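The lines below spell out each chain.
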Amino acid sequence: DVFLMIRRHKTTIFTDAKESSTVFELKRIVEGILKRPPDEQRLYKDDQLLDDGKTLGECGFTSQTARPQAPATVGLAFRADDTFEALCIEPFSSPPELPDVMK
Amino acid sequence: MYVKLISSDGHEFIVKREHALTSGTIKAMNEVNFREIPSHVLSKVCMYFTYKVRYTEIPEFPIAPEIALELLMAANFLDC
Amino acid sequence: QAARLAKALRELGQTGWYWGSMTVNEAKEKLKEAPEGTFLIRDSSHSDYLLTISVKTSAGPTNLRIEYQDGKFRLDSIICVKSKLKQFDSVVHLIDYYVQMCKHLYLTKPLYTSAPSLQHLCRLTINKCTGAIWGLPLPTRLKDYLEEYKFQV
Ligand code: NI
Ligand code: NI
Ligand code: NI
């Protein structure tokens, strides 16, 4: 298994998949949750657009690299009428400054 | 199958219902809004859920010192 | 003495890496494929000893017993030179001491019986950063919780 965070705007999906499963199959997972078909989805590893036919392993999502405790991020962009929106992921909030004693 | 957990800052985390039930609080209470738990904390909570379910050789669960105090309070609140 | 022993065994139960009545054979089977330094504590099957450290070495799992005498824990003085041995009220402290000292006995990562609570994992993390619990922005109940287990492992 590979452990993933699928992220778009302010949405984050925690899910797992086989290293051997494909990008398309992951889109089918996204479609079940977020109700948008595969051809209205683009998935990314960082800035790299992921091809439907590649397995997750071939995209660089390995069980060593995508653990339950430290899932790998897949970016997600939807169709926006006649095009695709730009890939955009809202950062999580910033932690406060450490107390002094935690030096 | 899935539940939505919303942080104070409005980030929406979609996690397997089974995983979310790791929290006794969540188990007790489709969406849950956490008005007092920000996304840098809630995100790590969700990773904890995955880790706990998967490990129920258990690996280390690393926590940045910078989130540790808030995470402790959240974990205590969530009963996990 | 019983009060001290009670506190020590309470800490040991809180670790998540105390395996109780685990047999010698069970420990070796568990550590067989583990990385070097991986360790657990279990009961000793030997009359003279309370507890044993089972640890993976580069040559296979090995066992180092812990003595408990005069209200103090120390490593096996039959194996280690008695004069070079530190004595501890707390057996988790003993382990923590050796884990930190190689950050002599090579101990790295404990073998958990099950997944620790998130609360406990946060406690370990905070312990790595400070002993000054009184200065932390936490409710008293959570400070009390930190006070109960001050170790980094
Ligand atoms: Ni955005
Ligand atoms: Ni020795
Ligand atoms: Ni002591």
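Parameters and conventions
Residues numbered from 1 in each chain as written, not as in the entry; some residues may be left out. Chains lettered and ligands numbered in written order. Heavy atoms only, no water. Residues with missing side-chain atoms left out of burial classes, pairs and counts. Helix = DSSP H or I, 4+ residues; strand = E, 2+ residues; numbered from the N terminus. Expected span 1.5 Å × (residues − 1). Buried < 20%, exposed > 50% of the residue type's maximum accessible area, 1.4 Å probe, protein only. Contact = heavy atoms within 4.5 Å. Pairing = 2+ DSSP bridges. Axes fitted to C-alpha atoms, helices over the stretch in contact; angles between N-to-C directions. Nonpolar A, V, L, I, M, F, W, Y, C, P; charged D, E, K, R; others polar. Polar contact = N/O pair within 3.5 Å; in protein donor to acceptor, adjacent residues only side chain to side chain. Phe/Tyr/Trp six-rings, centres within 6.5 Å; stacked < 30°, edge-to-face > 60°. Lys NZ or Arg CZ within 6 Å of the ring centre and 35° of its normal. Domains from an automatic or database assignment. Buried area = accessible area lost by both parts, 1.4 Å probe. Salt bridge = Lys/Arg side-chain N within 4 Å of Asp/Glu carboxyl O.

For this entry, the PDB record names X-ray crystallography as the structure determination method and reports a resolution of 1.90 Å.

Observations concerning helix α3 (residues 39-54) of chain B
Side chains three or four residues apart in an α-helix point the same way, a direct result of the helix having 3.6 residues per turn. For α3 of chain B, with 16 residues, the first-to-last C-alpha span of 23 Å sits near the 22 Å given by 1.5 Å per residue. Summarising burial for α3 of chain B: 13 of the 16 residues are buried, a large majority.

What to know about the environment of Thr-22 of chain A
Within the secondary structure, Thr-22 of chain A is located in the loop between β2 (11-17) and α1 (23-34). Leaving out residues up to four positions away in the same chain, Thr-22 of chain A has contacts with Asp-52, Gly-53, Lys-54, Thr-55 and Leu-56 of chain A.

A few points about the interface of chain C and chain B
Counting residues at the interface gives 22 residues for chain C and 18 residues for chain B. When contributions to the side of chain C that touches chain B are tallied by element, the ones reaching two or more residues are α4 (118-129) and α5 (140-148) of chain C.

A look at the sheet that holds strand β3 (residues 60-69) of chain C
Residue and element names in this part refer to chain C. Spatially, β1-β2-β3-β4 is the arrangement adopted by the four strands of the open sheet, whose pairing is antiparallel. Edge positions in the open sheet fall to β1 (39-43) and β4 (72-75), since each of these has one partner strand only. Within the sheet, the average angular offset between the axes of one strand and its neighbour, ignoring direction, is 30°. Against the sheet, helix α3 (residues 91-101) engages β1, β2 (51-57), β3 and β4, with an angle of about 35° to β4.

Some thoughts on the interface of chain B and chain A
Contacts between chain B and chain A engage 28 residues on the former and 27 residues on the latter. Secondary-structure elements contributing two or more residues to the side of chain B that touches chain A are β2 (12-16), α3 and α4 (65-78) of chain B. Sort the elements by how many residues they give to the side of chain B that touches chain A and α3 of chain B lands first, with eight residues. Across the side of chain B that touches chain A, the residue classes tally to 15 nonpolar, six polar and seven charged. Where β2 of chain A and β2 of chain B come together, three bridges link them in parallel fashion.

Section: the pairing of β2 of chain A
Residue and element names in this part refer to chain A. When you tally the buried positions in β2, you get six out of seven residues, the bulk of the element. Of the strand pairs in this sheet, strand β1 (residues 2-8) and β2 are connected by seven bridges, and their pairing is antiparallel. Looking across to β2, one finds that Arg-8 is bridged to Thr-11. Counting the residues between successive antiparallel strands, the hairpin from β1 to β2 contains two residues, one of them, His-9, with a positive phi of roughly 50°.

Examining the side chain of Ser-54 of chain C
All names here are of chain C. By the element assignment, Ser-54 lies in strand β2. Owing to a relative accessible area of 1%, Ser-54 belongs among the buried residues under this scheme. Separated by 2.6 Å, the side chains of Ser-54 and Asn-63 make a polar contact. Beyond its immediate stretch of four places on either side in the chain, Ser-54 contacts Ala-27, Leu-31, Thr-38, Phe-39, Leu-40, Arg-42, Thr-62 and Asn-63.

Concerning the packing of aromatic side chains
One pass over the structure, following the stated rule, counts twelve aromatic pairs over all chains. Residues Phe-14 of chain A and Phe-13 of chain B carry aromatic rings whose centres are separated by 6.3 Å and whose planes lie at 40° to one another, so their mutual orientation is tilted. With one member in each of two chains, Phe-14 of chain A in strand β2 and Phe-13 of chain B in strand β2 form a pair that bridges those chains. Like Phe-13 of chain B, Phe-14 of chain A is buried. Centroid distance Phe-88 of chain C to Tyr-97 of chain C: 5.4 Å. Interplanar angle 55°. Geometry classified as tilted. With a relative accessible area of 34%, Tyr-97 of chain C lands in the partly exposed category. When the ring centre of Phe-61 of chain B is taken as reference, the NZ or CZ atom of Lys-44 of chain B above it lies at 5.5 Å. One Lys or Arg, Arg-123 of chain C, reaches over the ring of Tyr-145 of chain C and ends 3.8 Å from the middle of that ring.

Overview of the pairing of β3 of chain C
Consecutive side chains along a regular strand alternate between the two faces of the sheet. Residues and elements named next belong to chain C. In this structure, β2 lies alongside β3, joined through seven bridges in antiparallel fashion. Pairing of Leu-51 across the sheet is with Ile-66, part of β3. Between β2 and β3, which pair antiparallel in sequence order, lie two residues. Note: β3 against β4, four bridges, orientation antiparallel.

Notes on the domain arrangement of chain C
All names here are of chain C. Along its sequence, chain C is carved into domain 1 (1-113) and domain 2 (114-149). Measuring from the centre of the C-alpha atoms in domain 1 to the corresponding centre in domain 2 gives 23 Å. By the criterion of area lost to domain 2, the three top residues of domain 1 are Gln-14, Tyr-112 and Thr-113, representing 66% of everything that side buries. In this structure, the connection of domain 1 to domain 2 is made through zero salt bridges. The interface formed by domain 1 and domain 2 holds one residue pair in polar contact in total. The element contributing the most residues to the side of domain 1 that touches domain 2 is helix α1 (residues 2-15), with three residues. Of the residues belonging to the side of domain 1 that touches domain 2, the class tally is three nonpolar, four polar and one charged.

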